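Have a look below at one chain only, the form solved without the partner chain, in structure tokens format.
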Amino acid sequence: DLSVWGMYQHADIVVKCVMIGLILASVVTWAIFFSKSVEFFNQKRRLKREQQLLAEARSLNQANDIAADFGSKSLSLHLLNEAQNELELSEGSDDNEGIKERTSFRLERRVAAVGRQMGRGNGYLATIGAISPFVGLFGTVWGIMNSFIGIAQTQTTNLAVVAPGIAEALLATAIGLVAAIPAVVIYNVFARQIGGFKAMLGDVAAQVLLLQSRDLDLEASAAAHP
């Protein structure tokens, strides 16, 4: 034979389907990578700028005055709106402990939802990077099984007749490893990025929570004591 560009041609039926299935796996891996990488870089840059602007907040009104201009798909604006909307709905309630508990609960749900939406896509990468070595192994086990069939039937010697069979059988697992290397590299990259992003988001949410709690306490005190 000559190379993979010629060996894939006359390989087999089931070995050829294994090779095509693994090529499709690799293509979907690189598509996932490109899309998620550009979106992650965009979102993380935006949120890091917004947190650096919010770090100079001393009250929830001042934080809304800062973040009045953060576009419309800014996670920071969504969290500040959860806090403000809870304060709006509970207008008429005199249980500031209740207000704080409700807002903590809403922000917990919202940060979890953003985490899951960011992570959506990594199941493909995990399962590909985990099982493509085994699909390659099945391709080579079938190739070698057919090699032994060919040796048994019309009995022959001189491995110069079986060499193309073993070449075809190994090519399957070579494509397997080629398709399961970038899946694991990309999966680890994105696990680290998602972790860092969920942590930064939790920091912004905790900032909102501290601002609201501190404001409620100081208001109740300065209104009841004097």
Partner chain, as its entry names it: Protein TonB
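Positions refer to the first chain, counted from 1. Only residues modelled in both forms are compared. Here, rigid core means the biggest group of C-alpha atoms that superpose within 1.5 Å across both forms.
What follows is about the form solved in complex with the partner chain, which we do not show.
Close approach of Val27 to the partner chain in the deposited complex, 4.5 Å, heavy atom: Flag for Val27 set to yes.
Can you work out whether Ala68 and the partner chain are in contact in the deposited complex, taking contact to mean some heavy atom pair no more than 4.5 Å apart? Result no; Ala68 lies far from the partner chain in the deposited complex.
If you check in the deposited complex, is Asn42 within 4.5 Å of the partner chain, heavy atoms only? Output for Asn42 is no: heavy atoms all beyond 4.5 Å of the partner chain.
With a cut-off of 4.5 Å between heavy atoms, is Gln52 one of the residues that contacts the partner chain in the deposited complex? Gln52 lies outside the contact set for the partner chain.
Note that the partner chain is not shown here; using its position in the deposited complex, name the residues of 30 to 53 with a heavy atom within 4.5 Å of it, in sequence order. Result: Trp30, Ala31, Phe34, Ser35, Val38.
What runs of three or more residues stand out between this form and the one not shown, with each Cα shifted 2 Å or more once the rigid core is matched? Runs found: 1 to 4, 157 to 160, listed by sequence.
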